[PDB]
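Participant: Before anything else, here's the structure in question.
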Amino acid sequence: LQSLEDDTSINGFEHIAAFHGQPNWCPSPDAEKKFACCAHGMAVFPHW
Amino acid sequence: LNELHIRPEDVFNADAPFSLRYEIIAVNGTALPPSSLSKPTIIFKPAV
Ligand SMILES: *[C@@H]1O[C@H](CO)[C@@H](O[C@@H]2O[C@H](CO)[C@@H](O[C@@H]3O[C@H](CO)[C@@H](O)[C@H](O)[C@@H]3O)[C@H](O)[C@H]2NC(C)=O)[C@H](O)[C@H]1NC(C)=O
């Protein structure tokens with residue numbers, strides 16, 4: 001965990017965690033308004 | 001358009017000739033929204 005969190009690049013723990021927050025690429029990275037893909041209440045929540 | 005095998009007159013033609021899909025890619029990879037830039041246009045140029 002120490003090594004992973006000290007890492008900063010695309011392998012960084014910070015980015016692997018920010019998948020579930022900001023910055024946002026959801027639904028598509030190119031959109032006027034962006035959200036997070038934390039699919040809540042939908043039928044793909046356990047899958048994700 | 002020549003390798004696409006579409007003659008220039010086909011642009012004027014009442015048939016729907018084609019369109020273009022543009023997209024902007026940032027240096028760091030985070031593609032910007034297409035709204036940040038205007039709509040490209042197609043110009044014609046006759047012979048002299
Ligand atoms: C990767 O590149 C993109 C664009 O090429 C960078 O996005 C730019 O910077 C920020 C996001 O980091 C955004 O604009 C800013 O938003 C904040 C939100 O409060 C605002 O306060 C600032 O005044 C600014 O407007 C936006 O995504 C973009 N800025 C633009 C389009 O003007 C992004 O930062 C880059 N990421 C890295 C890690 O370098």
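Chains: A, B, ... in order of the structure tokens. Residues: from 1 per chain. Ligands: from 1, in order shown.
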Restrict the distance test to only C-alpha atoms, flag each residue of chain B within 12 Å of chain A, and return the flagged residues as a JSON list (two decimals) with N, CA and C atoms, in the first residue's frame.

Facilitator:
[["chain", "number", "residue", "atom", "x", "y", "z"],
["B", 23, "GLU", "N", -13.04, 15.76, -33.86],
["B", 23, "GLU", "CA", -12.89, 15.58, -32.42],
["B", 23, "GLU", "C", -11.54, 16.14, -31.99],
["B", 24, "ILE", "N", -11.49, 16.63, -30.75],
["B", 24, "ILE", "CA", -10.31, 17.27, -30.21],
["B", 24, "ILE", "C", -9.72, 16.40, -29.11],
["B", 25, "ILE", "N", -8.41, 16.17, -29.19],
["B", 25, "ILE", "CA", -7.66, 15.36, -28.25],
["B", 25, "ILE", "C", -6.66, 16.27, -27.55],
["B", 26, "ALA", "N", -6.69, 16.27, -26.22],
["B", 26, "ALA", "CA", -5.75, 17.09, -25.48],
["B", 26, "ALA", "C", -4.38, 16.43, -25.43],
["B", 28, "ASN", "N", -2.60, 15.74, -22.76],
["B", 28, "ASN", "CA", -2.55, 14.72, -21.72],
["B", 28, "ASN", "C", -3.55, 13.60, -21.95],
["B", 29, "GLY", "N", -4.31, 13.64, -23.04],
["B", 29, "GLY", "CA", -5.22, 12.59, -23.41],
["B", 29, "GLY", "C", -6.67, 12.85, -23.04],
["B", 30, "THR", "N", -6.93, 13.78, -22.12],
["B", 30, "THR", "CA", -8.29, 14.07, -21.71],
["B", 30, "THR", "C", -9.01, 14.86, -22.80],
["B", 31, "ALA", "N", -9.74, 14.16, -23.66],
["B", 31, "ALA", "CA", -10.39, 14.82, -24.79],
["B", 31, "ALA", "C", -11.33, 15.92, -24.31],
["B", 32, "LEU", "N", -11.19, 17.10, -24.89],
["B", 32, "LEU", "CA", -12.04, 18.23, -24.53],
["B", 32, "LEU", "C", -13.42, 18.05, -25.13],
["B", 33, "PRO", "N", -14.43, 18.72, -24.57],
["B", 33, "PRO", "CA", -15.76, 18.71, -25.19],
["B", 33, "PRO", "C", -15.71, 19.33, -26.57],
["B", 34, "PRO", "N", -16.40, 18.74, -27.54],
["B", 34, "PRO", "CA", -16.41, 19.32, -28.89],
["B", 34, "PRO", "C", -17.04, 20.70, -28.95],
["B", 35, "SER", "N", -17.81, 21.10, -27.94],
["B", 35, "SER", "CA", -18.43, 22.42, -27.94],
["B", 35, "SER", "C", -17.42, 23.54, -27.82],
["B", 36, "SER", "N", -16.19, 23.25, -27.40],
["B", 36, "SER", "CA", -15.19, 24.29, -27.21],
["B", 36, "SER", "C", -14.73, 24.92, -28.51]]

Participant: If you run DSSP over the backbone, which residues in chain A end up helix (DSSP H, G or I)? Put them as a PyMOL selection string.

Facilitator: chain A and resi 2-6+13-18

Participant: Using the selection just defined, write its residues with N, CA and C atoms as a tab-separated table (two decimals), in the first residue's frame.

Facilitator:
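Listed below is the output, result12.tsv:
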chain	number	residue	atom	x	y	z
A	2	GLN	N	1.95	1.25	0.77
A	2	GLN	CA	2.83	2.40	0.81
A	2	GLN	C	3.36	2.72	-0.58
A	3	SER	N	3.87	1.70	-1.27
A	3	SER	CA	4.40	1.93	-2.61
A	3	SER	C	3.31	2.39	-3.57
A	4	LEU	N	2.14	1.76	-3.51
A	4	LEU	CA	1.08	2.11	-4.46
A	4	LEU	C	0.60	3.53	-4.25
A	5	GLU	N	0.44	3.96	-2.99
A	5	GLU	CA	-0.04	5.30	-2.73
A	5	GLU	C	1.04	6.35	-2.99
A	6	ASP	N	2.31	6.00	-2.80
A	6	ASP	CA	3.37	6.92	-3.18
A	6	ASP	C	3.46	7.07	-4.69
A	13	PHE	N	-2.32	4.68	-6.92
A	13	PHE	CA	-3.48	4.43	-6.09
A	13	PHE	C	-4.45	5.60	-6.13
A	14	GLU	N	-3.92	6.83	-6.22
A	14	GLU	CA	-4.78	8.00	-6.26
A	14	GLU	C	-5.72	7.95	-7.46
A	15	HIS	N	-5.19	7.62	-8.64
A	15	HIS	CA	-6.02	7.56	-9.83
A	15	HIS	C	-6.93	6.33	-9.82
A	16	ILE	N	-6.41	5.19	-9.37
A	16	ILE	CA	-7.23	3.99	-9.31
A	16	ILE	C	-8.41	4.21	-8.36
A	17	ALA	N	-8.26	5.11	-7.39
A	17	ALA	CA	-9.36	5.46	-6.51
A	17	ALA	C	-10.25	6.53	-7.12
A	18	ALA	N	-9.66	7.52	-7.80
A	18	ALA	CA	-10.44	8.59	-8.41
A	18	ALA	C	-11.32	8.10	-9.55

Participant: State, in Å with one decimal place, the distance from atom CA of residue 1 of chain B to atom CA of residue 14 of chain B.

Facilitator: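 Atom CA of residue 1 of chain B sits 17.5 Å away from atom CA of residue 14 of chain B.
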
Participant: As an exercise, work out the distance from atom 35 (C, counted along the ligand's line) of ligand 1 to atom CA of residue 9 of chain A in Å and give it to one decimal place.

Facilitator: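 According to the coordinates, atom 35 (C, counted along the ligand's line) of ligand 1 and atom CA of residue 9 of chain A are separated by 13.1 Å.
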